[PDB]
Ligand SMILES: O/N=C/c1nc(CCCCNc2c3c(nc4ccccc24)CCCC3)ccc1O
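Only one chain is shown below, in structure tokens, and it's the form deposited without this ligand.
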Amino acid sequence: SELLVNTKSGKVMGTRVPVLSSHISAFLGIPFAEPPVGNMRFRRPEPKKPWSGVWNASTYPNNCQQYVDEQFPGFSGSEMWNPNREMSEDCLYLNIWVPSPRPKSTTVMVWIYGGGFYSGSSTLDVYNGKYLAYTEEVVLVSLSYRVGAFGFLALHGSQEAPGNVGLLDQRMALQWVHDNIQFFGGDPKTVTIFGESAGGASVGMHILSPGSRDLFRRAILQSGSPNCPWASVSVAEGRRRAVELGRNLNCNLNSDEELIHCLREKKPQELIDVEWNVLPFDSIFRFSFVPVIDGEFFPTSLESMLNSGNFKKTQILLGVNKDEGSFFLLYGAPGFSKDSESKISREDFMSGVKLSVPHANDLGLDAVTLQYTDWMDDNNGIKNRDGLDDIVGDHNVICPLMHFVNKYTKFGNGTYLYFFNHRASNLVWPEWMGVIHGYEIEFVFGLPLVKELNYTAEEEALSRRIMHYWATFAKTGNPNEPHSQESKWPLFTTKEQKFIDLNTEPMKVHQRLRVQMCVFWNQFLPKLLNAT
């Protein structure tokens, strides 16, 4: 039966789901690792022991343990990201949407969700891959991994909690796709891993990690790169935060074994309840447990790797949104409210730049402010607000990505860059947040197609363009149709620096995406902070 597939791990029973008045197969909740429960907490992922009998892969699995967002109870704009499945440490599973009839060897796309490495679920609605699988005729796989301390606590040196296990969970899923996607009609030699936010950063991290390069063909990163200031930490920092977490639950801190044991005896929600008390600074866009530069998963500093071309060469398709910062200021910076225009004062503006650039000393905070302030109108609430919005976005998403892309292209086999700047017509967040972090996702997964979602005709059009770009890129290594009569997406070159818009208007090509502010963020401020 089309809904029955035999994989090296065992047989699997899927289900037929309806999609835009048609149907495709869906194998939901396939296990790709042994449940990281019990003494395996913090440990590296172990291969899911094969099973005999048919596995019911007709419904979604549990979502890993994670901090749920209760900032706006009932608000759909914030809960569409909260887990919609019973949380559980036993969450390592993957989902595959398969066209019908089943292909024989089509392009495959594995999706890695975002969430600041402390949250994320493959079962969210905007992550439903039936529309993409169906529309572009591709086998869509969305994996999952351990977020938070559960997947990132890092006591370097120990084998019980080495760290980066979350990324290992990911790789394990990628290996399972390499080894079995063929039985689902997928071409294991044409897998394109794509993610957003922490997911995009992850993608870049597999491109950098030798132990992963061999497991995928192409790569797509959205609103995030491996070198983002929040994506990784040093073993030292990671260790420090581990102890702090332990100290928060009154753990014996005499040895790693003493500490690790204590953390394993704590219920999941106990670690979650104090997770945020470990950060080193009062800051915005910073998460407790994230990938550490251990020397293993990451041979050396991400920068030297980038500089020495020590990374998988291939084609990549990445980009950012116009208002990345807005979401983190609403949640932490003083002055922003979900229900107001959030006009910011010079007092609060300053406080924002403080939270935004946590590692900066006074001179640094000064440089930033000077660089993002209209002194001919230093008291404009809208300016102070948007300026702050920009700061959070450039520093944390746009500029780090631009560094990456600039460093990669110099060794890559093709680079395509996009600047997504269309605000959905159905967005329920305040107008001031603009093109919000993670809202390009819905167009990538073609939600504008299903009418009951209330998108505009053009928005549906946009979705389809994107979906095709992504798919066509995954299949070929280029987002463009071989011979076409409509708009070429220029290749990004270290010389031209060309890039494109992604909105409901006629796409237009541009150059040097936010160079100005990124020469400051990537080249100046660093020098500044180091000299001082």
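Between two forms, the rigid core is the largest collection of C-alphas that superpose within 1.5 Å. In case it trips you up, residue 1 is the first one in the sequence shown, and so on.
Quick note: we don't show the form deposited with this ligand bound, though the next part is all about it.
No clash is found between this ligand, overlaid from its position in the entry with it bound, and the backbone or C-beta atoms here, as no atom lies within 2.4 Å; the site counts as open. Only one segment in the set 329-337, 344-352, 184-192, 101-109 has any non-hydrogen atom within 4.5 angstroms of this ligand in the entry with it bound, and it is 329-337. Screening 284, 203, 318, 165 for any heavy atom within 4.5 Å of this ligand in the entry with it bound leaves a single hit, 284. This chain is drawn without this ligand; in the entry with it bound, the residue among 67, 27, 489, 32 with a heavy atom within 4.5 Å of it is 67.
Under a 4.5 angstroms non-hydrogen atom cutoff, this ligand in the entry with it bound has residue 279 among its neighbouring residues. Using a 4.5 Å cutoff between non-hydrogen atoms, residue 134 does not count as a contact of this ligand in the entry with it bound. Of the heavy atoms in residue 71, some are within 4.5 Å of this ligand in the entry with it bound. Residue contact check for residue 297: none of its heavy atoms lie within 4.5 Å of this ligand in the entry with it bound.
Applying a 4.5 Å heavy atom cutoff to this ligand in the entry with it bound picks out 118 as the lone residue from 106-122. Among the candidates 359, 189, 104, 267, the CA atom that moves 2 angstroms or more between the shown form and the other one after core superposition belongs to 359 alone. Superposition of the core reveals a Cα shift of 2 Å or more for residue 285 between the shown form and the other one.
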